[PDB]
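Following: one structure in structure tokens, then a few remarks.
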Amino acid sequence: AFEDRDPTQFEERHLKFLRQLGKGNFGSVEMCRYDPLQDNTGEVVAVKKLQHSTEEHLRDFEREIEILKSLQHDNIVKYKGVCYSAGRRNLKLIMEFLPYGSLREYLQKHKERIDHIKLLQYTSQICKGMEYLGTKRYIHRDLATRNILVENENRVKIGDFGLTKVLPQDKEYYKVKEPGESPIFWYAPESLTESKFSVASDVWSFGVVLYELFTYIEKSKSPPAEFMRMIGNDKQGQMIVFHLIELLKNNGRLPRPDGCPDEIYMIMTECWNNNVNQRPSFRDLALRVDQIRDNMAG
Ligand SMILES: c1ccc(CN2CCC(n3cnc4cnc5[nH]ccc5c43)CC2)cc1
């Protein structure tokens, strides 16, 4: 006999690998087919797992599963459950599968069909998704277009939370000392220099996402491609970070993309203020971006 009081627990035997969606360092995301009937009646899902797990990495993963479970918003990827695989001696995270993939590969593939008002719609939704996290005191710490997913032409969702921190009620930022390479060209200056993270540091990285949208993910226009151009293309290793910090702290910034409206470029530069306290909130950005759209609606 069988009684199911928990549909969030996926059975590993009925869960079948199809192709890799994303592969990192200590993690990986797969497209899977789940068939509790095995005649193929079950959902296509997305499954995250650990690779080169530490005991420390598993404790983080359990925390990231908690985070994602705590979130219900039209612009946050849907949690579906967990699978305790390897006969209950392993943990994996099960999520909805969004057919269009990450915003990055979508905008690179369909960059002709996607006009400015459209880029503005996805920008607004990323903002709302982030204002929702801030209501929870969550710090994302990794906004870039590869971590944003496209459910269809008119909706995107924030779709990874592997670095997400939860601020205590007492504090306004999270200092996190961590080993290994960081996405330095998306990082706020205080994040580069003091490992400090906050809603304001996510605001910074948001400005870079907006830049990425307005360059239509063109490789020669990308943040590292344009920063390396300013730092010097020949720089290697620690030297780059030294120069990137010095360039940022003296107000050097990414250029306005070809064809990007000044008012949209201006939003990027407000996001990139060295003064954490002069960065707009995500509520301010969603409101500005929606009024811009509405003034381009009629
Ligand atoms: C290791 C961990 C995370 C990452 C980020 N990386 C994971 C895969 C993710 N992704 C790409 N296409 C997707 C379609 N449906 C999905 N449902 C949930 C995620 C997802 C999709 C994009 C972000 C890369 C490497």
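If you're wondering about the labels, chains in the structure tokens are A, B, ... by order shown, residues count from 1 in each chain, ligands from 1 in order shown.
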Using only C-alpha atoms and all ligand atoms, what does the table of chain A residues within 6 Å of ligand 1 look like, with each row giving the shortest atom pair and its distance in Å to one decimal, sorted by chain and ascending number, as a Markdown table?
```
| residue | atom | partner | partner_atom_place_in_ligand_line | distance |
| --- | --- | --- | --- | --- |
| A:21 | CA | ligand 1 | 8 (C) | 4.8 |
| A:22 | CA | ligand 1 | 8 (C) | 4.0 |
| A:23 | CA | ligand 1 | 25 (C) | 4.0 |
| A:24 | CA | ligand 1 | 25 (C) | 3.7 |
| A:27 | CA | ligand 1 | 1 (C) | 4.5 |
| A:28 | CA | ligand 1 | 1 (C) | 4.2 |
| A:29 | CA | ligand 1 | 8 (C) | 5.1 |
| A:46 | CA | ligand 1 | 17 (N) | 4.8 |
| A:95 | CA | ligand 1 | 18 (C) | 5.6 |
| A:96 | CA | ligand 1 | 17 (N) | 5.3 |
| A:97 | CA | ligand 1 | 15 (N) | 4.0 |
| A:98 | CA | ligand 1 | 15 (N) | 4.0 |
| A:99 | CA | ligand 1 | 14 (C) | 5.8 |
| A:101 | CA | ligand 1 | 12 (N) | 3.6 |
| A:102 | CA | ligand 1 | 11 (C) | 4.7 |
| A:146 | CA | ligand 1 | 23 (C) | 5.5 |
| A:147 | CA | ligand 1 | 23 (C) | 4.3 |
| A:159 | CA | ligand 1 | 19 (C) | 5.4 |
| A:160 | CA | ligand 1 | 5 (C) | 5.8 |
```
- Task: Considering only C-alpha atoms, return as a PyMOL selection string whatever protein or nucleic-acid residues lie within 6 Å of region 178-191 of chain A, sequence-local ones (same chain, fewer than 2 positions apart) excluded.
- Result: chain A and resi 193-197+201+204-205+224
Generate the output file for the selected residues, N, CA and C atoms, as a PDB file, in the first residue's frame.
```pdb
ATOM      1  N   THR A 193      36.603  44.803  -2.425  1.00  0.00           N
ATOM      2  CA  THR A 193      37.610  45.226  -1.444  1.00  0.00           C
ATOM      3  C   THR A 193      37.410  44.738  -0.013  1.00  0.00           C
ATOM      4  N   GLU A 194      36.178  44.555   0.432  1.00  0.00           N
ATOM      5  CA  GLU A 194      35.965  44.112   1.798  1.00  0.00           C
ATOM      6  C   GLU A 194      35.052  42.885   1.937  1.00  0.00           C
ATOM      7  N   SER A 195      34.778  42.171   0.834  1.00  0.00           N
ATOM      8  CA  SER A 195      33.841  41.049   0.810  1.00  0.00           C
ATOM      9  C   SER A 195      32.479  41.369   1.438  1.00  0.00           C
ATOM     10  N   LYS A 196      32.076  42.645   1.408  1.00  0.00           N
ATOM     11  CA  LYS A 196      30.817  43.074   2.000  1.00  0.00           C
ATOM     12  C   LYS A 196      29.703  43.013   0.997  1.00  0.00           C
ATOM     13  N   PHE A 197      28.589  42.411   1.420  1.00  0.00           N
ATOM     14  CA  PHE A 197      27.409  42.255   0.560  1.00  0.00           C
ATOM     15  C   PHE A 197      26.143  42.811   1.232  1.00  0.00           C
ATOM     16  N   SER A 201      24.756  46.212  -2.812  1.00  0.00           N
ATOM     17  CA  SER A 201      25.652  45.476  -3.714  1.00  0.00           C
ATOM     18  C   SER A 201      24.929  44.710  -4.831  1.00  0.00           C
ATOM     19  N   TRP A 204      24.064  47.257  -7.438  1.00  0.00           N
ATOM     20  CA  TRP A 204      25.216  47.441  -8.332  1.00  0.00           C
ATOM     21  C   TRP A 204      25.207  46.417  -9.443  1.00  0.00           C
ATOM     22  N   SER A 205      25.065  45.141  -9.083  1.00  0.00           N
ATOM     23  CA  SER A 205      25.169  44.043 -10.053  1.00  0.00           C
ATOM     24  C   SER A 205      24.006  44.071 -11.026  1.00  0.00           C
ATOM     25  N   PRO A 224      33.516  41.954 -19.030  1.00  0.00           N
ATOM     26  CA  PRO A 224      34.967  41.693 -18.999  1.00  0.00           C
ATOM     27  C   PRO A 224      35.667  42.186 -20.254  1.00  0.00           C
TER      28      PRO A 224
END
```
- Which residue of A:248, A:93, A:217, A:117 approaches residue 275 (chain A) most closely, using only C-alpha atoms: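 Looking at the shortest contact to residue 275 (chain A), the residue is A:248.
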- Quick one, how far is CA of residue 65 (chain A) from CA of residue 139 (chain A)?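 Between CA of residue 65 (chain A) and CA of residue 139 (chain A) the gap is 15.1 Å.
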- Message: Would you pick out the contacts of region 5-9 of chain A at 8 Å or less, using only C-alpha atoms, so that residues sharing its chain but fewer than 4 positions from it are not included, and give the list as an NGL selection string?
- Response: :A and (80-84)
- Query: Of the residues A:122, A:155, A:177, A:227, which is the one nearest to residue 209 (chain A), using only C-alpha atoms?
  - Reply: A:122
